[PDB]
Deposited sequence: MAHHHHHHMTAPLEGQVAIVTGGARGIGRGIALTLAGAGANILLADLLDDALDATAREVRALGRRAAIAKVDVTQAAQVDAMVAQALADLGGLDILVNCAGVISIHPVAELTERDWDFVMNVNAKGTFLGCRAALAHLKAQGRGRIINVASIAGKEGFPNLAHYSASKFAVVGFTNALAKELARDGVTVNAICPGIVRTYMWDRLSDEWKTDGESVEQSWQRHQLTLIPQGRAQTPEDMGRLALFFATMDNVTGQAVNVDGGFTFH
C-alpha cells in the first residue's frame, strides 16, 4: 500500500475514467473524496472504495464553480483529515465541425475541461505547498497532442490542459508538488459510438484503453517524486508526443 495514510480527491470520480483512477488509488491505500454531479453514481463508487477497506467522502461539485471547488478541498481536509493527491478528471465532449460549433459548445467544453482544471488546481495549492509534498494529476486526452477534426473545441480545451499542466509543474517544481497529465486514447463512453468505433481502427493496437489503465498511470505519478510536467499517453500507440 504505497499510498497508505494519503488522501486523494478525484473530480469526475463517480464513473468512467475518474472511477477507474479512484479505485486504483484506493486499492493502493488512499482514502478518497469523490467529486461529481451524479448522486447515485457517487454513492455506488463510494461503496466500492469502502469495499477496498478505505474511507470515502462524496462531494457534489460543478468544477466550473470556484466556490464549490474550494469547498471540495475544504471537505477533504475536514472529512478525511488531509489531502495529498488531486485528480482533475471532470470532462465533457461533443462532436461538431467548426462551421457548426455554437458559442455554447465552445464555452461548455473549455469551461469544464480547462477552466475546471485551473480552478481545481488553484484550490489545492495553498495546502499542498504548505505540506511540502503533493501530486496534481490532470486528465487531458490524446486530443491534447493532436488536433481532431470535428473536435476542434475539444482539442483546444485539452491542449490547454496539457500546457497548463506543464506551466504549473514549473511553478511548483521547488515546492515538492508534482504536476502531470494523463492522456487517454479511446476509452469507450449513435454518432459518438460510430466515431469511437472508427477511431479504434486508427489505434495501432486496434483496441480501446480502460479506466484501470488510466488508474495505473495515476498511481505511477502519485509515487514518482522525480517525474513532473509530463503528459503521458495511454493510447495503444496512437501518438507519442
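- In this chain the deposited sequence has gaps in the coordinates at 1 to 10, 200 to 214, listed in sequence order.
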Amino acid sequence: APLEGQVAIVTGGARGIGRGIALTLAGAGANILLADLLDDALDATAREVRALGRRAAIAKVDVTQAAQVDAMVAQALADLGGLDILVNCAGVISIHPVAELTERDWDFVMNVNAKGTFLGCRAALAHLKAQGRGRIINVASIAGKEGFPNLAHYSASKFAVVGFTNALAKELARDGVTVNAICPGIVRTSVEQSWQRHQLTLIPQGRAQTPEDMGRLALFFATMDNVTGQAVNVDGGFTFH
From here on, numbers count along this sequence of modelled residues.
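- Mean CA temperature factor is higher for 96 to 104 when stretches 109 to 117 and 96 to 104 are set side by side in the entry.
- In this crystal structure, the stretch out of 152 to 160 and 72 to 80 whose C-alpha atoms carry the higher mean B factor is 72 to 80.
- Looking only at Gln209, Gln193, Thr178, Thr45, the residue with the top Cα B factor in the deposited structure is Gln193.
- Listed residues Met214, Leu202, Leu34, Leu172 were ranked by CA B-factor as deposited; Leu202 comes out on top.
- Among all modelled residues in this chain, the alpha-carbon of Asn138 has a temperature factor (C-alpha) in the lowest third.
- Residue-level temperature factors show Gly16 in the highest third of its chain, judged at the C-alpha atom.
- Ranked within its chain, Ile182 lands in the lowest third, by CA B factor from the PDB record.
- Among the modelled residues of its chain, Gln131 has a C-alpha B-factor that falls in the highest third according to the deposited record.
- Looking at the C-alpha B-factors along this chain, the one for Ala124 belongs to the middle third.
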